[PDB]
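Novice: My structure file query-v8.pdb, PDB, C-alpha atoms, is below:
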```
ATOM      1  CA  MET A 102      -1.103 -18.151  18.809  1.00  0.00           C
ATOM      2  CA  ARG A 103      -3.783 -15.418  18.571  1.00  0.00           C
ATOM      3  CA  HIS A 104      -1.178 -13.012  20.018  1.00  0.00           C
ATOM      4  CA  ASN A 105       1.318 -11.441  17.616  1.00  0.00           C
ATOM      5  CA  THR A 106       4.355 -13.306  19.051  1.00  0.00           C
ATOM      6  CA  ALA A 107       3.596 -16.248  16.722  1.00  0.00           C
ATOM      7  CA  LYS A 108       3.200 -14.199  13.537  1.00  0.00           C
ATOM      8  CA  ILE A 109       6.252 -12.028  14.330  1.00  0.00           C
ATOM      9  CA  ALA A 110       8.241 -15.280  14.686  1.00  0.00           C
ATOM     10  CA  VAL A 111       7.525 -16.300  11.077  1.00  0.00           C
ATOM     11  CA  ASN A 112       8.526 -12.851   9.771  1.00  0.00           C
ATOM     12  CA  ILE A 113      11.843 -12.917  11.692  1.00  0.00           C
ATOM     13  CA  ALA A 114      12.722 -16.438  10.550  1.00  0.00           C
ATOM     14  CA  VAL A 115      12.184 -15.736   6.827  1.00  0.00           C
ATOM     15  CA  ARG A 116      14.331 -12.588   6.917  1.00  0.00           C
ATOM     16  CA  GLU A 117      17.267 -14.258   8.654  1.00  0.00           C
ATOM     17  CA  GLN A 118      16.963 -17.336   6.400  1.00  0.00           C
ATOM     18  CA  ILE A 119      17.633 -15.304   3.264  1.00  0.00           C
ATOM     19  CA  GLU A 120      19.981 -12.775   4.830  1.00  0.00           C
ATOM     20  CA  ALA A 121      22.148 -14.706   7.323  1.00  0.00           C
ATOM     21  CA  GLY A 122      21.442 -18.275   6.158  1.00  0.00           C
ATOM     22  CA  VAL A 123      20.265 -19.268   9.671  1.00  0.00           C
ATOM     23  CA  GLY A 124      17.234 -18.538  11.838  1.00  0.00           C
ATOM     24  CA  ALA A 125      15.076 -20.286  14.407  1.00  0.00           C
ATOM     25  CA  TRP A 126      12.280 -20.081  16.968  1.00  0.00           C
ATOM     26  CA  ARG A 127      11.431 -21.711  20.318  1.00  0.00           C
ATOM     27  CA  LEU A 128       8.320 -23.258  21.797  1.00  0.00           C
ATOM     28  CA  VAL A 129       7.870 -22.201  25.434  1.00  0.00           C
ATOM     29  CA  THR A 130       5.617 -23.463  28.232  1.00  0.00           C
ATOM     30  CA  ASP A 131       3.589 -21.135  30.451  1.00  0.00           C
ATOM     31  CA  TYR A 132       0.315 -20.646  32.351  1.00  0.00           C
ATOM     32  CA  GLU A 133      -2.184 -18.600  30.352  1.00  0.00           C
ATOM     33  CA  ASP A 134      -5.895 -17.992  30.944  1.00  0.00           C
ATOM     34  CA  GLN A 135      -5.931 -15.033  28.518  1.00  0.00           C
ATOM     35  CA  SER A 136      -5.833 -17.735  25.877  1.00  0.00           C
ATOM     36  CA  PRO A 137      -8.183 -20.373  27.379  1.00  0.00           C
ATOM     37  CA  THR A 138      -7.367 -24.084  27.068  1.00  0.00           C
ATOM     38  CA  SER A 139      -8.035 -27.214  29.159  1.00  0.00           C
ATOM     39  CA  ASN A 140      -6.562 -26.471  32.618  1.00  0.00           C
ATOM     40  CA  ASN A 141      -5.245 -23.152  31.254  1.00  0.00           C
ATOM     41  CA  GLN A 142      -1.713 -24.123  30.239  1.00  0.00           C
ATOM     42  CA  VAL A 143      -0.605 -23.188  26.732  1.00  0.00           C
ATOM     43  CA  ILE A 144       2.525 -23.210  24.623  1.00  0.00           C
ATOM     44  CA  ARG A 145       3.569 -20.317  22.408  1.00  0.00           C
ATOM     45  CA  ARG A 146       6.064 -19.666  19.633  1.00  0.00           C
ATOM     46  CA  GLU A 147       8.757 -17.250  20.806  1.00  0.00           C
ATOM     47  CA  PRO A 148      11.270 -16.117  18.105  1.00  0.00           C
ATOM     48  CA  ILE A 149      15.059 -16.308  18.317  1.00  0.00           C
TER      49      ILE A 149
ATOM     50  CA  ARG B  54      25.474  25.538  -1.230  1.00  0.00           C
ATOM     51  CA  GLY B  55      22.995  23.765  -3.449  1.00  0.00           C
ATOM     52  CA  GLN B  56      21.002  20.586  -3.097  1.00  0.00           C
ATOM     53  CA  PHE B  57      19.017  18.314  -5.369  1.00  0.00           C
ATOM     54  CA  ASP B  58      17.314  16.801  -2.306  1.00  0.00           C
ATOM     55  CA  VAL B  59      16.261  13.589  -4.039  1.00  0.00           C
ATOM     56  CA  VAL B  60      15.206  11.751  -0.833  1.00  0.00           C
ATOM     57  CA  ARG B  61      11.883  13.638  -0.608  1.00  0.00           C
ATOM     58  CA  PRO B  62       9.980  12.375  -3.775  1.00  0.00           C
ATOM     59  CA  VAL B  63      10.875   8.798  -2.710  1.00  0.00           C
ATOM     60  CA  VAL B  64       9.715   9.215   0.908  1.00  0.00           C
ATOM     61  CA  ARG B  65       6.615  11.284   0.056  1.00  0.00           C
ATOM     62  CA  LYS B  66       5.493   8.743  -2.580  1.00  0.00           C
ATOM     63  CA  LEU B  67       5.533   5.852  -0.103  1.00  0.00           C
ATOM     64  CA  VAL B  68       3.736   8.048   2.480  1.00  0.00           C
ATOM     65  CA  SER B  69       0.859   8.623   0.022  1.00  0.00           C
ATOM     66  CA  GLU B  70       0.508   4.874  -0.602  1.00  0.00           C
ATOM     67  CA  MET B  71       0.250   3.861   3.082  1.00  0.00           C
ATOM     68  CA  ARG B  72      -2.337   6.567   3.832  1.00  0.00           C
ATOM     69  CA  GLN B  73      -4.629   5.477   0.975  1.00  0.00           C
ATOM     70  CA  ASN B  74      -4.208   1.873   2.186  1.00  0.00           C
ATOM     71  CA  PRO B  75      -4.663   2.353   5.982  1.00  0.00           C
ATOM     72  CA  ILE B  76      -4.344  -0.426   8.567  1.00  0.00           C
ATOM     73  CA  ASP B  77      -6.839   0.002  11.400  1.00  0.00           C
ATOM     74  CA  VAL B  78      -8.559  -2.071  14.127  1.00  0.00           C
ATOM     75  CA  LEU B  79     -11.040  -4.744  12.969  1.00  0.00           C
ATOM     76  CA  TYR B  80     -11.247  -7.808  15.292  1.00  0.00           C
ATOM     77  CA  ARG B  81     -11.987 -11.207  13.786  1.00  0.00           C
ATOM     78  CA  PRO B  82     -13.113 -13.789  16.401  1.00  0.00           C
ATOM     79  CA  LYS B  83     -10.985 -16.500  18.049  1.00  0.00           C
ATOM     80  CA  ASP B  84     -11.682 -20.194  18.605  1.00  0.00           C
ATOM     81  CA  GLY B  85     -13.719 -20.918  21.736  1.00  0.00           C
ATOM     82  CA  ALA B  86     -15.515 -17.563  21.507  1.00  0.00           C
ATOM     83  CA  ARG B  87     -18.689 -16.168  19.935  1.00  0.00           C
ATOM     84  CA  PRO B  88     -18.510 -15.054  16.252  1.00  0.00           C
ATOM     85  CA  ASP B  89     -20.434 -11.808  16.886  1.00  0.00           C
ATOM     86  CA  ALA B  90     -17.920 -10.417  19.403  1.00  0.00           C
ATOM     87  CA  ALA B  91     -16.373  -8.470  16.502  1.00  0.00           C
ATOM     88  CA  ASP B  92     -18.984  -5.697  16.291  1.00  0.00           C
ATOM     89  CA  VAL B  93     -19.276  -5.506  20.113  1.00  0.00           C
ATOM     90  CA  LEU B  94     -15.690  -4.251  20.438  1.00  0.00           C
ATOM     91  CA  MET B  95     -15.787  -2.156  17.249  1.00  0.00           C
ATOM     92  CA  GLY B  96     -19.092  -0.578  18.323  1.00  0.00           C
ATOM     93  CA  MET B  97     -17.357   1.355  21.085  1.00  0.00           C
ATOM     94  CA  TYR B  98     -14.020   1.692  19.223  1.00  0.00           C
ATOM     95  CA  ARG B  99     -15.543   3.683  16.374  1.00  0.00           C
ATOM     96  CA  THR B 100     -17.491   6.048  18.623  1.00  0.00           C
ATOM     97  CA  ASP B 101     -14.523   7.384  20.675  1.00  0.00           C
TER      98      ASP B 101
END
```
Before we go any further, please render this structure as C-alpha cells.
Specialist:
Amino acid sequence: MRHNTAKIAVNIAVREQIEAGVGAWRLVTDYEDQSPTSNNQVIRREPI
Amino acid sequence: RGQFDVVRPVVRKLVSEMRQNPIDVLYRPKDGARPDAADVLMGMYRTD
C-alpha cells in the first residue's frame, strides 16, 4: 500500500459517501516484486 | 464595458497560501528496507 493507489482510494470513498451516499473500493490480486513480499504476490486497494 | 473582476483576489489569495506551504519530495522509508535510504535518494534529488 506504499503506492498512492491505496491512499487515493480512501479520498475517493469519503467524497462519494457524503456527496452521492454510496462509494466503494476493491481488493485486487497481482504479482509484484516492486513491493516485496513472500513469493512476491501482493494485494492492493483499487478504488471504484 | 466594465468589470469588477472579483475572481482574482480569491484565486490569488489561495495561490499565495500554497506557495508558502509547498509540498516537495521527502522519502520516508518502507517496511523491509533500511531506515537511512531517505537521505540517499534526497542527496541526489537536491543537487540536480
Novice: Pull out every residue that the PyMOL selection byres ((chain A) within 10 of (chain B)) matches in the shown coordinates and put them as a PyMOL selection string.
Specialist: chain A and resi 103+136-138
Novice: Every residue with an atom at most 9 Å from (14.3, -19.8, 15.0) (file coordinates; all atoms listed in the file) is what I'm after, so could you write them as a compact mmCIF listing (two decimals) with C-alpha atoms, in the coordinates of the input?
Specialist:
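Saved to point.txt:
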```txt
# COMPACT_ATOMS: atom_id res chain seq x y z
CA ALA A 110 8.24 -15.28 14.69
CA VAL A 111 7.52 -16.30 11.08
CA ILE A 113 11.84 -12.92 11.69
CA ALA A 114 12.72 -16.44 10.55
CA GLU A 117 17.27 -14.26 8.65
CA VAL A 123 20.26 -19.27 9.67
CA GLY A 124 17.23 -18.54 11.84
CA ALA A 125 15.08 -20.29 14.41
CA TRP A 126 12.28 -20.08 16.97
CA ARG A 127 11.43 -21.71 20.32
CA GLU A 147 8.76 -17.25 20.81
CA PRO A 148 11.27 -16.12 18.10
CA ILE A 149 15.06 -16.31 18.32
```
Novice: So what do you get for CA of residue 94 in chain B versus CA of residue 80 in chain B, distance-wise?
Specialist: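 It comes out at 7.7 Å.
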Novice: Compile the contact shell of residue 79 in chain B as a PyMOL selection string: residues with an atom at most 12 Å away, counting only C-alpha atoms, same-chain residues fewer than 6 positions apart removed.
Specialist: chain B and resi 90-99
Novice: What separation in Å, quoted to one decimal, exists between CA of residue 70 in chain B and CA of residue 107 in chain A?
Specialist: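 Separating CA of residue 70 in chain B from CA of residue 107 in chain A is a distance of 27.5 Å.
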Novice: Provide the CA of residue 132 in chain A to CA of residue 144 in chain A distance in Å, to one decimal place.
Specialist: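 Separation of CA of residue 132 in chain A and CA of residue 144 in chain A: 8.4 Å.
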Novice: Counting all atoms listed in the file, which of A:146, A:116, A:106, A:140 gets nearest to residue 128 in chain A?
Specialist: A:146
